[PDB]
Amino acid sequence: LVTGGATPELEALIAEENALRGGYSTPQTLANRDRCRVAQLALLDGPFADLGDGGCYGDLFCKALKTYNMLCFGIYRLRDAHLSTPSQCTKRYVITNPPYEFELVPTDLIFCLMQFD
Amino acid sequence: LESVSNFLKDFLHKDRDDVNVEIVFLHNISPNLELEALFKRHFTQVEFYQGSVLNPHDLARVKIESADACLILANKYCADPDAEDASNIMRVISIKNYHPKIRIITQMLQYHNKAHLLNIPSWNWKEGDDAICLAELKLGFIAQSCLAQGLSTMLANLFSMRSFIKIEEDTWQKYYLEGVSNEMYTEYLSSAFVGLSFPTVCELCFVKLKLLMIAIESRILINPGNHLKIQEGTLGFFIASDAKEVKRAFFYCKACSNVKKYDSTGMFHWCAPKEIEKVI
Amino acid sequence: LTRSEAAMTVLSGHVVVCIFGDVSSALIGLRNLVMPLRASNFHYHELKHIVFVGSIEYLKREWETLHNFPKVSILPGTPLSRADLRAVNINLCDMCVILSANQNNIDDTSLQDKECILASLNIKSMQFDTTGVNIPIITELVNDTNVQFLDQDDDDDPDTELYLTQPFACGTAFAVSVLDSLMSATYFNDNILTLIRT
Ligand SMILES: [Ca+2]
Ligand SMILES: [Ca+2]
Ligand SMILES: [Mg+2]
């Protein structure tokens, strides 16, 4: 997940030659691209944006998983978004694996793993 | 004192299941009064023996020939990273020389020294020899924060064992702590979920069992597509509050073109070796 | 040499010399190792080729006494580089010799022979289209107690003397501490030092 793949083949190559060597394109090379990539996506636009104010994290988790083969392990929520008063602070923080009942606000970002095209 | 105190807090945490693995320490310095008090607070689970890891007599004393693994902590704040890496390499060499078939988990400061170490004849990464390279993992975590900011914090909190902490104040800290209370686990999952799609068992597990799956055991597959069917006898990489919750994943049955664009493995982008003045 | 010409130059029955030199390291004096190989009671077709792998600074701090000898070569690399040792045909040599110059500058009695031990293990952990355990290898150690890490099948004991250790009994390791009896031998028999020297 962290180095973007390091299979035993690459670990042998870097142990013998201690550099990445370029390869010609092959069908197995084009198959090795299919693995998920970590992402953030916005909640203010696109198909997920109907989860506005007062939406449930369980609804979002379900619709993302059912329809886009995509699932979320956390919310990158604005620090002051739980306050009543507006604030100019743009700092957010990681909420991990929240309840199905957990409440959304429209200014949010979602951590998820997404498919390859 | 701090190294042992931090290690024992994570090894003996109440969120793991009822493990009774004894911990034996081997060090060549007599422990100070605060370390002796720390070992007395863990009197039934920790034993200390004074010796050198480079001595086969001491290695036989700590019964390393029957130990389940050997853990080699490193001085992350050392003045000479090269000297620390050399010392850890010597320790690994001595342990492997005494017993080739011992699982060794060690911390390595640099990546070239890790490459130096993995050439040991007894060093078998398949058998379970893990060199946790600090510089590599930290730079990888920083790079994943460049793909999604906050992901270094997200990953780091999944390893440290943490209980739920709750306070009456409505502050960002309450929500943050509630999120921090979850770790990554691993266990085998019910025959009642064999034959279904990975998305389907994920939406089933999510709030009914209260369990989230990131991956399953073509072995290690990060977030499988909807086209993959759950093999019989597989394990799921759950995120959960603790180990005693993920037991449900098992204990359930309807209880309702000559251009070289890439490396040789097809996993990284590549180009011809640019001169330094070209890129300055 | 470099990687290209080393790899295409076929070598067999040669001597490979692995040097962990440095700009501040002491002079080993490789003349005294080369001269016995270069002796004239061997025919010219029988002279084993010599190649030195090590820091280019240290090689250009000693080459001033090795330019009158034939069949010699330098490769400016690392004795621990698998690519260099493969390019030098390490599996076909009659000997690999491992020497370290950084032995007196540091005072740890733990890292004195670390580089030599690591190089020996790297050479013994090589796969050839045979394994690297059958390669003819000799290494010089500063501490006699470090000889226990050279082999894994042998039984190790700090009390066991170096002469009794398996890697020394096989001619795989050599330490300067075994020469201490030459004081007594030389005194009692004045011709023994010249018989040995010749
Ligand atoms: Ca927990
Ligand atoms: Ca041994
Ligand atoms: Mg006990």
# chains A, B, ... in the order shown; residues from 1 in each chain; ligands from 1
call {"tool": "interface_residues", "arguments": {"of": "chain C", "to": "chain B", "cutoff": "10 Å", "atoms": "only C-alpha atoms", "output": "ChimeraX atom specification"}}
result
/C:80-82,110-111,113-115,117-126,132-133,146,148-158
call {"tool": "residues_near_ligand", "arguments": {"ligand": "ligand 3", "cutoff": "12 Å", "atoms": "only C-alpha atoms and all ligand atoms", "output": "list in words"}}
result
residues 20, 21, 22, 23, 24, 25, 39, 40, 42, 43, 44, 45, 46, 47, 48 and 49 of chain B
call {"tool": "closest_residue", "arguments": {"among": "C:97, C:1, C:87, C:16", "to": "chain A", "atoms": "only C-alpha atoms"}}
result
C:87
call {"tool": "atom_distance", "arguments": {"atom1": "CA of residue 130 in chain B", "atom2": "CA of residue 110 in chain B"}}
result
14.3 Å
call {"tool": "residues_around", "arguments": {"residues": "residue 51 in chain C", "least_positions_apart": "6", "cutoff": "10 Å", "atoms": "only C-alpha atoms", "output": "ChimeraX atom specification"}}
result
/C:1,6,11,14-18,71-75,88,96
call {"tool": "residues_around", "arguments": {"residues": "residue 32 in chain A", "least_positions_apart": "3", "cutoff": "10 Å", "atoms": "only C-alpha atoms", "output": "MDAnalysis selection string"}}
result
(chainID A and resid 5 26:29 35) or (chainID B and resid 265:267)
call {"tool": "residues_near_ligand", "arguments": {"ligand": "ligand 1", "cutoff": "7 Å", "atoms": "only C-alpha atoms and all ligand atoms", "output": "PyMOL selection string"}}
result
chain B and resi 15+161-164+181-183+241-242
call {"tool": "write_last_selection", "arguments": {"atoms": "N, CA, C and O atoms", "output": "compact mmCIF listing (two decimals), in the first residue's frame"}}
result
# COMPACT_ATOMS: atom_id res chain seq x y z
N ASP B 15 -6.88 -4.79 24.06
CA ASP B 15 -7.61 -4.94 22.79
C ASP B 15 -7.12 -6.14 21.97
O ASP B 15 -7.84 -6.58 21.08
N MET B 161 -2.09 0.23 19.59
CA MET B 161 -3.26 -0.25 20.30
C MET B 161 -3.83 0.86 21.18
O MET B 161 -3.14 1.34 22.08
N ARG B 162 -5.08 1.21 20.93
CA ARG B 162 -5.74 2.24 21.70
C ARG B 162 -7.16 1.87 22.10
O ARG B 162 -7.96 1.41 21.29
N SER B 163 -7.45 2.07 23.38
CA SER B 163 -8.80 1.92 23.95
C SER B 163 -9.70 3.08 23.52
O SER B 163 -9.22 4.11 23.08
N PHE B 164 -11.02 2.94 23.65
CA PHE B 164 -11.94 4.06 23.49
C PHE B 164 -11.78 5.05 24.66
O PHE B 164 -11.73 4.65 25.82
N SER B 181 -9.67 4.91 18.13
CA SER B 181 -9.92 3.66 18.87
C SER B 181 -9.87 2.36 18.03
O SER B 181 -9.86 1.27 18.61
N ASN B 182 -9.81 2.44 16.70
CA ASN B 182 -9.78 1.29 15.81
C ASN B 182 -8.36 0.94 15.32
O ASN B 182 -7.61 1.81 14.92
N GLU B 183 -8.03 -0.35 15.29
CA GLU B 183 -6.78 -0.88 14.72
C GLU B 183 -7.06 -1.81 13.54
O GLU B 183 -8.17 -2.31 13.37
N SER B 241 -12.64 -2.11 16.27
CA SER B 241 -12.29 -1.64 17.60
C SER B 241 -11.26 -2.51 18.26
O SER B 241 -10.36 -1.99 18.88
N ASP B 242 -11.39 -3.83 18.07
CA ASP B 242 -10.47 -4.81 18.63
C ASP B 242 -10.62 -6.20 17.99
O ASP B 242 -11.46 -6.42 17.12
call {"tool": "atom_distance", "arguments": {"atom1": "CA of residue 77 in chain C", "atom2": "CA of residue 55 in chain C"}}
result
6.3 Å
call {"tool": "residues_around", "arguments": {"residues": "residue 102 in chain C", "least_positions_apart": "5", "cutoff": "8 Å", "atoms": "only C-alpha atoms", "output": "NGL selection string"}}
result
:C and (20-22 or 25-26 or 112)
call {"tool": "closest_atom_pairs", "arguments": {"of": "chain B", "to": "chain A", "cutoff": "6 Å", "atoms": "only C-alpha atoms", "output": "tab-separated table"}}
result
residue	atom	partner	partner_atom	distance
B:140	CA	A:2	CA	5.2
B:148	CA	A:40	CA	5.7
B:172	CA	A:79	CA	5.9
B:176	CA	A:95	CA	5.4
B:179	CA	A:96	CA	4.1
B:260	CA	A:24	CA	5.1
B:262	CA	A:22	CA	5.6
B:263	CA	A:22	CA	4.2
B:264	CA	A:23	CA	4.2
B:266	CA	A:29	CA	4.3
B:270	CA	A:22	CA	6.0
call {"tool": "write_last_selection", "arguments": {"atoms": "C-alpha atoms", "output": "CSV table (one decimal), in the first residue's frame"}}
result
chain,number,residue,atom,x,y,z
B,140,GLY,CA,6.4,6.1,1.9
B,148,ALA,CA,-4.3,12.2,0.1
B,172,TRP,CA,-12.9,17.9,17.6
B,176,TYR,CA,-10.8,12.2,16.6
B,179,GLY,CA,-11.8,7.3,15.2
B,260,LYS,CA,10.3,1.7,-22.2
B,262,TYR,CA,7.8,1.1,-17.2
B,263,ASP,CA,10.1,-1.0,-15.0
B,264,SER,CA,10.8,-4.7,-15.7
B,266,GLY,CA,5.3,-3.2,-14.9
B,270,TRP,CA,10.7,4.8,-16.0
call {"tool": "residues_around", "arguments": {"residues": "range 31-37 of chain C", "least_positions_apart": "3", "cutoff": "9 Å", "atoms": "only C-alpha atoms", "output": "PyMOL selection string"}}
result
chain C and resi 28+40+42+47-48+50+65-66+69
call {"tool": "write_last_selection", "arguments": {"atoms": "N, CA, C and O atoms", "output": "PDB file, in the first residue's frame"}}
result
ATOM      1  N   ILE C  28      47.670  -1.143   3.252  1.00  0.00           N
ATOM      2  CA  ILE C  28      47.793  -2.585   3.440  1.00  0.00           C
ATOM      3  C   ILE C  28      49.128  -3.088   2.903  1.00  0.00           C
ATOM      4  O   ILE C  28      49.826  -3.864   3.566  1.00  0.00           O
ATOM      5  N   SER C  40      58.817 -16.322 -10.641  1.00  0.00           N
ATOM      6  CA  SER C  40      59.240 -16.859 -11.946  1.00  0.00           C
ATOM      7  C   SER C  40      59.361 -18.372 -12.069  1.00  0.00           C
ATOM      8  O   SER C  40      59.596 -18.844 -13.177  1.00  0.00           O
ATOM      9  N   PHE C  42      56.843 -20.185 -12.013  1.00  0.00           N
ATOM     10  CA  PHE C  42      55.643 -20.424 -12.814  1.00  0.00           C
ATOM     11  C   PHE C  42      55.878 -19.968 -14.261  1.00  0.00           C
ATOM     12  O   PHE C  42      56.465 -18.906 -14.490  1.00  0.00           O
ATOM     13  N   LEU C  47      50.347 -18.026 -15.068  1.00  0.00           N
ATOM     14  CA  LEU C  47      50.136 -16.901 -14.157  1.00  0.00           C
ATOM     15  C   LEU C  47      48.643 -16.576 -14.008  1.00  0.00           C
ATOM     16  O   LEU C  47      48.010 -16.088 -14.944  1.00  0.00           O
ATOM     17  N   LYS C  48      48.091 -16.792 -12.808  1.00  0.00           N
ATOM     18  CA  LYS C  48      46.702 -16.460 -12.454  1.00  0.00           C
ATOM     19  C   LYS C  48      46.491 -14.947 -12.515  1.00  0.00           C
ATOM     20  O   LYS C  48      47.228 -14.207 -11.869  1.00  0.00           O
ATOM     21  N   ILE C  50      44.962 -11.208 -11.708  1.00  0.00           N
ATOM     22  CA  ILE C  50      44.570 -10.577 -10.436  1.00  0.00           C
ATOM     23  C   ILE C  50      43.648  -9.396 -10.718  1.00  0.00           C
ATOM     24  O   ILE C  50      43.997  -8.529 -11.517  1.00  0.00           O
ATOM     25  N   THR C  65      52.976   1.510  -6.369  1.00  0.00           N
ATOM     26  CA  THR C  65      53.862   0.352  -6.172  1.00  0.00           C
ATOM     27  C   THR C  65      53.395  -0.942  -6.855  1.00  0.00           C
ATOM     28  O   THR C  65      53.997  -1.991  -6.619  1.00  0.00           O
ATOM     29  N   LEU C  66      52.412  -0.853  -7.751  1.00  0.00           N
ATOM     30  CA  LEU C  66      51.904  -2.044  -8.442  1.00  0.00           C
ATOM     31  C   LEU C  66      51.897  -1.985  -9.980  1.00  0.00           C
ATOM     32  O   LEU C  66      51.398  -2.905 -10.629  1.00  0.00           O
ATOM     33  N   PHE C  69      53.807  -4.940 -12.575  1.00  0.00           N
ATOM     34  CA  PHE C  69      53.329  -6.313 -12.593  1.00  0.00           C
ATOM     35  C   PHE C  69      52.304  -6.507 -13.701  1.00  0.00           C
ATOM     36  O   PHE C  69      51.507  -5.612 -13.982  1.00  0.00           O
TER      37      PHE C  69
END
call {"tool": "atom_distance", "arguments": {"atom1": "CA of residue 12 in chain C", "atom2": "CA of residue 134 in chain C"}}
result
15.1 Å
call {"tool": "residues_around", "arguments": {"residues": "residue 234 in chain B", "least_positions_apart": "5", "cutoff": "9 Å", "atoms": "only C-alpha atoms", "output": "PyMOL selection string"}}
result
chain B and resi 187-190+194+216-217
call {"tool": "select_by_dssp", "arguments": {"residues": "range 113-203 of chain B", "states": "alpha helix (DSSP H)", "output": "PDB file with C-alpha atoms, in the first residue's frame"}}
result
ATOM      1  CA  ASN B 113      22.039  -1.133   5.024  1.00  0.00           C
ATOM      2  CA  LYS B 114      18.758  -3.120   4.674  1.00  0.00           C
ATOM      3  CA  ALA B 115      20.022  -4.269   1.254  1.00  0.00           C
ATOM      4  CA  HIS B 116      23.331  -5.208   2.880  1.00  0.00           C
ATOM      5  CA  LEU B 117      21.501  -7.238   5.528  1.00  0.00           C
ATOM      6  CA  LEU B 134      12.237   3.379   9.265  1.00  0.00           C
ATOM      7  CA  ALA B 135      13.401   5.757   6.529  1.00  0.00           C
ATOM      8  CA  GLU B 136      11.592   3.749   3.803  1.00  0.00           C
ATOM      9  CA  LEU B 137       8.281   3.485   5.683  1.00  0.00           C
ATOM     10  CA  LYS B 138       8.345   7.150   6.766  1.00  0.00           C
ATOM     11  CA  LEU B 139       9.076   8.409   3.231  1.00  0.00           C
ATOM     12  CA  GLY B 140       6.377   6.112   1.852  1.00  0.00           C
ATOM     13  CA  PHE B 141       3.895   7.506   4.444  1.00  0.00           C
ATOM     14  CA  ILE B 142       4.887  11.081   3.453  1.00  0.00           C
ATOM     15  CA  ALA B 143       4.331  10.181  -0.255  1.00  0.00           C
ATOM     16  CA  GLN B 144       0.873   8.723   0.523  1.00  0.00           C
ATOM     17  CA  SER B 145       0.100  12.090   2.250  1.00  0.00           C
ATOM     18  CA  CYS B 146       0.922  13.692  -1.182  1.00  0.00           C
ATOM     19  CA  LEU B 147      -1.822  11.516  -2.813  1.00  0.00           C
ATOM     20  CA  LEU B 151      -3.219   9.469   5.229  1.00  0.00           C
ATOM     21  CA  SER B 152       0.086   9.254   7.204  1.00  0.00           C
ATOM     22  CA  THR B 153      -1.942   9.931  10.407  1.00  0.00           C
ATOM     23  CA  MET B 154      -4.654   7.487   9.228  1.00  0.00           C
ATOM     24  CA  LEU B 155      -2.104   4.651   8.748  1.00  0.00           C
ATOM     25  CA  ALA B 156      -0.034   5.350  11.903  1.00  0.00           C
ATOM     26  CA  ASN B 157      -3.121   5.234  14.193  1.00  0.00           C
ATOM     27  CA  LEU B 158      -4.179   1.773  12.809  1.00  0.00           C
ATOM     28  CA  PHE B 159      -1.119   0.057  14.424  1.00  0.00           C
ATOM     29  CA  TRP B 172     -12.912  17.895  17.576  1.00  0.00           C
ATOM     30  CA  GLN B 173     -10.875  15.740  20.008  1.00  0.00           C
ATOM     31  CA  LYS B 174     -13.871  13.570  20.916  1.00  0.00           C
ATOM     32  CA  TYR B 175     -14.485  12.605  17.293  1.00  0.00           C
ATOM     33  CA  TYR B 176     -10.761  12.190  16.645  1.00  0.00           C
ATOM     34  CA  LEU B 177     -10.363   9.842  19.650  1.00  0.00           C
ATOM     35  CA  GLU B 178     -13.426   7.848  18.601  1.00  0.00           C
ATOM     36  CA  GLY B 179     -11.779   7.343  15.221  1.00  0.00           C
ATOM     37  CA  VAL B 180      -8.361   6.529  16.809  1.00  0.00           C
ATOM     38  CA  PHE B 198     -16.264  -8.814  -1.960  1.00  0.00           C
ATOM     39  CA  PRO B 199     -18.447  -5.631  -2.113  1.00  0.00           C
ATOM     40  CA  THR B 200     -21.439  -7.745  -0.978  1.00  0.00           C
ATOM     41  CA  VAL B 201     -19.665  -9.217   2.089  1.00  0.00           C
ATOM     42  CA  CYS B 202     -18.329  -5.682   2.839  1.00  0.00           C
ATOM     43  CA  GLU B 203     -21.838  -4.075   2.894  1.00  0.00           C
TER      44      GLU B 203
END
call {"tool": "closest_residue", "arguments": {"among": "C:116, C:56, C:92, C:147", "to": "ligand 2", "atoms": "only C-alpha atoms and all ligand atoms"}}
result
C:147
call {"tool": "closest_residue", "arguments": {"among": "A:108, A:12, A:50, A:45", "to": "chain C", "atoms": "only C-alpha atoms"}}
result
A:12
call {"tool": "closest_residue", "arguments": {"among": "A:59, A:103, A:117, A:17", "to": "chain C", "atoms": "only C-alpha atoms"}}
result
A:17
call {"tool": "closest_residue", "arguments": {"among": "C:145, C:191, C:186, C:198", "to": "ligand 2", "atoms": "only C-alpha atoms and all ligand atoms"}}
result
C:145
call {"tool": "decode", "arguments": {"residues": "range 53-72 of chain B", "atoms": "N, CA, C and O atoms", "output": "PDB file, in the first residue's frame"}}
result
ATOM      1  N   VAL B  53      23.943 -10.543  23.111  1.00  0.00           N
ATOM      2  CA  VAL B  53      23.318 -11.279  22.022  1.00  0.00           C
ATOM      3  C   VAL B  53      24.363 -11.926  21.121  1.00  0.00           C
ATOM      4  O   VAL B  53      24.080 -12.933  20.463  1.00  0.00           O
ATOM      5  N   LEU B  54      25.587 -11.402  21.115  1.00  0.00           N
ATOM      6  CA  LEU B  54      26.670 -11.969  20.325  1.00  0.00           C
ATOM      7  C   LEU B  54      27.283 -13.209  20.963  1.00  0.00           C
ATOM      8  O   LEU B  54      28.148 -13.838  20.347  1.00  0.00           O
ATOM      9  N   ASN B  55      26.862 -13.574  22.174  1.00  0.00           N
ATOM     10  CA  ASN B  55      27.419 -14.723  22.868  1.00  0.00           C
ATOM     11  C   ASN B  55      26.510 -15.927  22.684  1.00  0.00           C
ATOM     12  O   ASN B  55      25.347 -15.887  23.121  1.00  0.00           O
ATOM     13  N   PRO B  56      26.982 -17.002  22.050  1.00  0.00           N
ATOM     14  CA  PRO B  56      26.141 -18.201  21.923  1.00  0.00           C
ATOM     15  C   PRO B  56      25.727 -18.784  23.261  1.00  0.00           C
ATOM     16  O   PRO B  56      24.644 -19.375  23.359  1.00  0.00           O
ATOM     17  N   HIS B  57      26.550 -18.630  24.298  1.00  0.00           N
ATOM     18  CA  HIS B  57      26.153 -19.088  25.626  1.00  0.00           C
ATOM     19  C   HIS B  57      24.925 -18.332  26.118  1.00  0.00           C
ATOM     20  O   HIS B  57      23.977 -18.934  26.632  1.00  0.00           O
ATOM     21  N   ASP B  58      24.915 -17.008  25.952  1.00  0.00           N
ATOM     22  CA  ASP B  58      23.747 -16.224  26.341  1.00  0.00           C
ATOM     23  C   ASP B  58      22.538 -16.570  25.481  1.00  0.00           C
ATOM     24  O   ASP B  58      21.407 -16.632  25.982  1.00  0.00           O
ATOM     25  N   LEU B  59      22.755 -16.792  24.183  1.00  0.00           N
ATOM     26  CA  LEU B  59      21.648 -17.161  23.307  1.00  0.00           C
ATOM     27  C   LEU B  59      21.032 -18.489  23.730  1.00  0.00           C
ATOM     28  O   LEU B  59      19.811 -18.664  23.666  1.00  0.00           O
ATOM     29  N   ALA B  60      21.864 -19.440  24.157  1.00  0.00           N
ATOM     30  CA  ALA B  60      21.339 -20.682  24.713  1.00  0.00           C
ATOM     31  C   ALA B  60      20.661 -20.449  26.056  1.00  0.00           C
ATOM     32  O   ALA B  60      19.700 -21.148  26.395  1.00  0.00           O
ATOM     33  N   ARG B  61      21.158 -19.487  26.835  1.00  0.00           N
ATOM     34  CA  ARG B  61      20.553 -19.181  28.126  1.00  0.00           C
ATOM     35  C   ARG B  61      19.126 -18.674  27.966  1.00  0.00           C
ATOM     36  O   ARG B  61      18.229 -19.074  28.715  1.00  0.00           O
ATOM     37  N   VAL B  62      18.892 -17.798  26.990  1.00  0.00           N
ATOM     38  CA  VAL B  62      17.560 -17.230  26.797  1.00  0.00           C
ATOM     39  C   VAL B  62      16.697 -18.186  25.985  1.00  0.00           C
ATOM     40  O   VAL B  62      15.576 -17.843  25.596  1.00  0.00           O
ATOM     41  N   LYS B  63      17.214 -19.390  25.730  1.00  0.00           N
ATOM     42  CA  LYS B  63      16.479 -20.441  25.024  1.00  0.00           C
ATOM     43  C   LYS B  63      15.989 -19.965  23.660  1.00  0.00           C
ATOM     44  O   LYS B  63      14.862 -20.249  23.251  1.00  0.00           O
ATOM     45  N   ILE B  64      16.848 -19.237  22.944  1.00  0.00           N
ATOM     46  CA  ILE B  64      16.470 -18.693  21.646  1.00  0.00           C
ATOM     47  C   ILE B  64      16.243 -19.773  20.601  1.00  0.00           C
ATOM     48  O   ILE B  64      15.656 -19.493  19.552  1.00  0.00           O
ATOM     49  N   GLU B  65      16.685 -21.003  20.864  1.00  0.00           N
ATOM     50  CA  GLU B  65      16.442 -22.102  19.941  1.00  0.00           C
ATOM     51  C   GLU B  65      14.996 -22.579  19.965  1.00  0.00           C
ATOM     52  O   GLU B  65      14.582 -23.298  19.051  1.00  0.00           O
ATOM     53  N   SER B  66      14.226 -22.204  20.985  1.00  0.00           N
ATOM     54  CA  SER B  66      12.816 -22.553  21.062  1.00  0.00           C
ATOM     55  C   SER B  66      11.906 -21.334  21.094  1.00  0.00           C
ATOM     56  O   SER B  66      10.686 -21.494  21.218  1.00  0.00           O
ATOM     57  N   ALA B  67      12.459 -20.129  20.995  1.00  0.00           N
ATOM     58  CA  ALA B  67      11.643 -18.926  20.989  1.00  0.00           C
ATOM     59  C   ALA B  67      10.827 -18.834  19.706  1.00  0.00           C
ATOM     60  O   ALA B  67      11.255 -19.275  18.637  1.00  0.00           O
ATOM     61  N   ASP B  68       9.644 -18.229  19.793  1.00  0.00           N
ATOM     62  CA  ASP B  68       8.767 -18.076  18.636  1.00  0.00           C
ATOM     63  C   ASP B  68       9.295 -17.045  17.637  1.00  0.00           C
ATOM     64  O   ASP B  68       9.137 -17.208  16.438  1.00  0.00           O
ATOM     65  N   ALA B  69       9.953 -15.998  18.123  1.00  0.00           N
ATOM     66  CA  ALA B  69      10.653 -15.002  17.327  1.00  0.00           C
ATOM     67  C   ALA B  69      11.682 -14.257  18.174  1.00  0.00           C
ATOM     68  O   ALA B  69      11.698 -14.361  19.400  1.00  0.00           O
ATOM     69  N   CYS B  70      12.533 -13.485  17.517  1.00  0.00           N
ATOM     70  CA  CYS B  70      13.477 -12.591  18.172  1.00  0.00           C
ATOM     71  C   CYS B  70      13.282 -11.185  17.627  1.00  0.00           C
ATOM     72  O   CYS B  70      13.312 -10.978  16.411  1.00  0.00           O
ATOM     73  N   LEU B  71      13.043 -10.221  18.507  1.00  0.00           N
ATOM     74  CA  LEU B  71      12.817  -8.831  18.145  1.00  0.00           C
ATOM     75  C   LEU B  71      14.058  -8.024  18.497  1.00  0.00           C
ATOM     76  O   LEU B  71      14.590  -8.145  19.597  1.00  0.00           O
ATOM     77  N   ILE B  72      14.526  -7.195  17.577  1.00  0.00           N
ATOM     78  CA  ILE B  72      15.741  -6.406  17.739  1.00  0.00           C
ATOM     79  C   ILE B  72      15.357  -4.941  17.590  1.00  0.00           C
ATOM     80  O   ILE B  72      15.210  -4.437  16.470  1.00  0.00           O
TER      81      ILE B  72
END
